[PDB]
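Here we start with a single chain on its own, the form deposited in one PDB entry, put down as structure tokens.
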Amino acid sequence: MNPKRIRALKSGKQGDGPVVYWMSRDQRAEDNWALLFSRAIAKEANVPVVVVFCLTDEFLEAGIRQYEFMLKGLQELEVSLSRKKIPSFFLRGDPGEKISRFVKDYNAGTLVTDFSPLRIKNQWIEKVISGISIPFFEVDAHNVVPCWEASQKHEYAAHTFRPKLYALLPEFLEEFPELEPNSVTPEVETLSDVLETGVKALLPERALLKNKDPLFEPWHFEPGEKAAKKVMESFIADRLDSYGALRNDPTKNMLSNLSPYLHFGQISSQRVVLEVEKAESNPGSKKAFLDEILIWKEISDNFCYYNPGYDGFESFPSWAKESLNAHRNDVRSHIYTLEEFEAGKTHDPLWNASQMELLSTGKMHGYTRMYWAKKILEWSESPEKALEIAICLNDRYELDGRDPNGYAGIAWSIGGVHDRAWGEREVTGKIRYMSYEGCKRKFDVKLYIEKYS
């Protein structure tokens, strides 16, 4: 176990009770460094380990598609942890109040959590730190190389972060040790009831069409740690060989479809990389997929970790801020509202078809995500407005939304973060432009539009 994966958030006197793993980002029992580090500290203290998840008050800011995908995976996890003699406690409310109350009520000895560079997680950490007196650690269980170890600052381009991440791969890319069960079972409601009451509170804001029928189709991605592994094996056996050549074709289902499992932490990215590295396929197809799940995925954590305003105009590069400011007063060709974008009521059928795939499946194709966001910048009153619209629609309807990949992906499309300057156009400036005619020369746009009416 590498000690560089764990960082101390607060020092204190260790209690004599169970080590608490405050689970948040990585909701899985296998290949979890945070859960393994919690079990090792528990073994060294002759004390059991416990898992605590908090059902926050912010679930009403999303939809039913993410609330059901997350809770149905937690129901499977509670069984998996119970087979290892590990009990799971699911608290409802503010984690600044619940975690501090759970630590005091259960005489917690050490508190551990997984790493997340998002603002809402840092908000919880500040509230928990002020109300506990036991040691508090955090473990990077989402990235192969710890986010604070891959780079000590913000990397402005992928070609500057790639040699840093690959030079540390021989050290951190390793096999996971087996989770040891608790020696004996130690000494706040059923998830089925919390799922029922939460869905009932989310029903009025459910996405519906004119016939009062729901838009979301929940049969595209089955939640759970078991279904996540089956998707990973299917991608290696059937889709990995054709990933390098068809990853930019939305009419082909040649992607790994691992993002909803990677976001909620139902599968480990290090586990996927380990199986890809030992799989024999096209070298160009493996290089492209590892560049997305390692470089572009972990550089999104680096962007959110070293830029406090990662969701604001101030985090854009200086060349993009100067270019967008010089084109602020340029007359936009069209200006649509938030609901016009949300309902897919634009003049662009390719954009509307992209929005319909987001509304119906909760996972829009990777290539169309770049077109979908860049057109929001072209048809908004200001770059700040396009950021809010893109973040809203991405975090509301994407199953993998509310993730550092989304903010770093939106920042690349609108603010050119981790990009370079292109030909200067009006309105958009030097930001990389993506035209409708350019997409027709890349893939069958008529097939993608006809599929999502």
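Just count from 1 along the sequence shown to find any residue number. Heads up, when I say rigid core I mean the largest set of C-alphas that superpose within 1.5 Å between the two forms.
A.B. asks: Of the other PDB entries for this protein whose models extend past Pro186 on both sides, does at least a third leave it without coordinates?
C.D. replies: Yes, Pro186 lacks coordinates in at least a third of the other compared entries.
A.B. asks: Mind giving me a quick count class for deposited residues absent from the model between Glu187 and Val188? Options are none, 1 to 3, 4 to 9, 10 or more.
C.D. replies: 4 to 9 residues are missing.
A.B. asks: Per the record, averaged over C-alpha atoms, which has the higher B-factor: 370-378 or 171-179?
C.D. replies: Taking the mean C-alpha B-factor of 171-179 and of 370-378, the larger value falls to 171-179.
A.B. asks: On mean Cα temperature factor in this entry, is 20-28 or 432-440 the higher one?
C.D. replies: Higher mean C-alpha B-factor: 432-440.
A.B. asks: In this PDB entry, which of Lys297, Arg271, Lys210, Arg119 has the top CA B-factor?
C.D. replies: Of the candidates given, the C-alpha B-factor peaks at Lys210.
A.B. asks: Of the choices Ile64, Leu399, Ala42, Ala386, which one's C-alpha carries the largest B-factor in the record?
C.D. replies: So the option with the highest C-alpha B-factor is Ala42.
A.B. asks: Which third of the chain does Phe264 land in by C-alpha B-factor: lowest, middle or highest?
C.D. replies: According to the entry, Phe264 has a C-alpha B-factor in the chain's lowest third.
A.B. asks: Could you say whether, by C-alpha temperature factor, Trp422 belongs to the lowest, middle or highest third of its chain?
C.D. replies: Highest third, going by the recorded CA B-factors of the chain.
A.B. asks: Place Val51 in the lowest, middle or highest third of its chain's C-alpha B-factors, as listed in the PDB entry.
C.D. replies: Middle third by C-alpha B-factor.
A.B. asks: Compare the C-alpha B factor of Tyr106 with those of the other modelled residues in its chain, then answer lowest, middle or highest third.
C.D. replies: For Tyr106, the deposited C-alpha B-factor lands in the highest third.
A.B. asks: How does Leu36 rank on Cα B-factor within its chain, lowest, middle or highest third?
C.D. replies: Highest third - that is where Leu36 ends up once the chain's C-alpha B-factors are sorted.
Beyond what is shown, the protein has a form deposited in another entry; the following relates to that form.
A.B. asks: Kindly specify the one residue in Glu175, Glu381, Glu339, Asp193 whose Cα moves by 2 Å or more between the shown form and the other one, with superposition done on the rigid core.
C.D. replies: So the only displaced C-alpha belongs to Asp193.
A.B. asks: For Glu205, does the CA position differ by 2 Å or more between the shown form and the other one when the superposition is done on the rigid core?
C.D. replies: Result for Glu205: yes, a 2 Å-plus shift.
A.B. asks: Once you overlay the rigid core, does the Cα of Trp412 travel 2 Å or further between the shown form and the other one?
C.D. replies: For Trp412, whose C-alpha is compared between the shown form and the other one after core superposition, the shift is less than 2 Å.
A.B. asks: If you line up the core, does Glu61 shift 2 angstroms or more at its C-alpha between the shown form and the other one?
C.D. replies: Yes, its C-alpha moves 2 Å or more.
A.B. asks: Looking in the other entry, decide if the C-alpha atoms of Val194 and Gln66 are closer or farther than in the form shown; they differ by 3 Å or more.
C.D. replies: Farther apart in the other entry, by 3 Å or more.
A.B. asks: Any idea whether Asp395 and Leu60 get closer or farther by CA distance in the other entry, knowing it moves 3 angstroms or more?
C.D. replies: Here the pair is farther apart than in the other entry; there, closer.
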